[PDB]
Every structure is written in C-alpha cells, then in structure tokens.
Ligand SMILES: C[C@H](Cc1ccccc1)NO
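Just one chain is shown here, as structure tokens, and it is the form deposited without the named molecule.
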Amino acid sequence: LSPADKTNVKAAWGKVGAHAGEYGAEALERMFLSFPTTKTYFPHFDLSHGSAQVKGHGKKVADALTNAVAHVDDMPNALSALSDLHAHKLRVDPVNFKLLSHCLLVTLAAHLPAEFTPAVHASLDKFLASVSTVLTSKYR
C-alpha cells in the first residue's frame, strides 16, 4: 500500500463511518447469494435476510477490517490470530477471500457515490487483497 492508497482507504473508512457493521453484513449476504459455495462454511447459521447471526458476524468482519486499516503497516501482526483461525480451524479455501473481497467492494460501491472513484476502487482492492494475503498466510 502506497501513501495515496492509505489516504484513499481512510477516506472510504471515514465516509462509511458507523455504518461499517451493517455494510459488513450486507457484503456477507451478497457473497452467500452470489457464490453459494461459500455458504457451507456457515452450516449452523441461518443465512436468511435479516438474520441476527449474519448481522452479528458482519460487525465482527467490519471490526477486523478496521483493525487492519488502523494498523496498516503491521497487518500480519494485527491479523495473526484471525489468520490462524481461518486456515487452521475453518479451513477456508483461499479462493473464497477473493469472493468476499469483491462483495465488500460492491457493497462500498453501492453506498459511496462520491468516494468510489477509480483510484479509490484500486486502493480498496489492494487493501482487501493485502488483508486476504495475511488471512491465507497460515496453511500448514
């Protein structure tokens, strides 16, 4: 991430503001509907629209992404526990991070009229790719 990328991700973060957890839940719903293979990681969830479990999980995902942006030059350390979880316990296929990341970008596009410029799109793509790189760094 370049300085401009950090600037752009911060612009997006600040505009999203306190909607981040709601948008996380929307991104998860977008992923489950668009990429139904991802649903099998959530068998004990009810994934229907308005599910309290998807709402709760989207807040967790958003909080992790905000932690990563708040520590953007130390993301391997910040996301270390979550990288362990996703690889060792959950066995998330690396492909699936590309699917969630796309759905997070679409959600931001759908809520950020002014901010989702081509440059800010590129910066958010790189940020989510960097988060995904850390979260797939622990298979063993």
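For clarity, a rigid core is taken as the largest C-alpha set superposing within 1.5 Å between two forms. So that there is no doubt, residue numbering starts at 1 and follows the sequence shown.
The stretch that strays farther, by root mean square C-alpha distance over structures and residues in 5 other deposited structures of this protein after a rigid core fit, is 87-95, when 31-39 is set against 87-95.
In 5 other deposited structures of this protein, superposed on the rigid core, the segment with the larger root-mean-square CA displacement between 11-19 and 128-136 is 11-19.
For the pair 63-71 and 109-117, the mean Cα B-factor is higher in 109-117. For the pair 26-34 and 82-90, the mean B factor over Cα atoms is greater in 82-90. For residue 44, the recorded CA temperature factor ranks within the highest third of the chain's modelled residues. For residue 20, the recorded CA temperature factor ranks within the middle third of the chain's modelled residues.
A second form of this protein, the form deposited with the named molecule bound, is not displayed here; the remarks below concern that form.
Interface membership of residue 120, defined by any non-hydrogen atom within 4.5 Å of the named molecule in the deposited complex, is ruled out. In the deposited complex, no heavy atom of residue 51 sits within 4.5 Å of the named molecule.
Interface residue remark: residue 116 is not counted as part of the site for the named molecule in the deposited complex, having no heavy atom within 4.5 Å.
The named molecule is not drawn, but in the deposited complex it has no heavy atom within 4.5 Å of residue 47. In the deposited complex, the residues of 63-77 lying within 4.5 Å of the named molecule by at least one heavy atom are, in order, 65, 66, 69.
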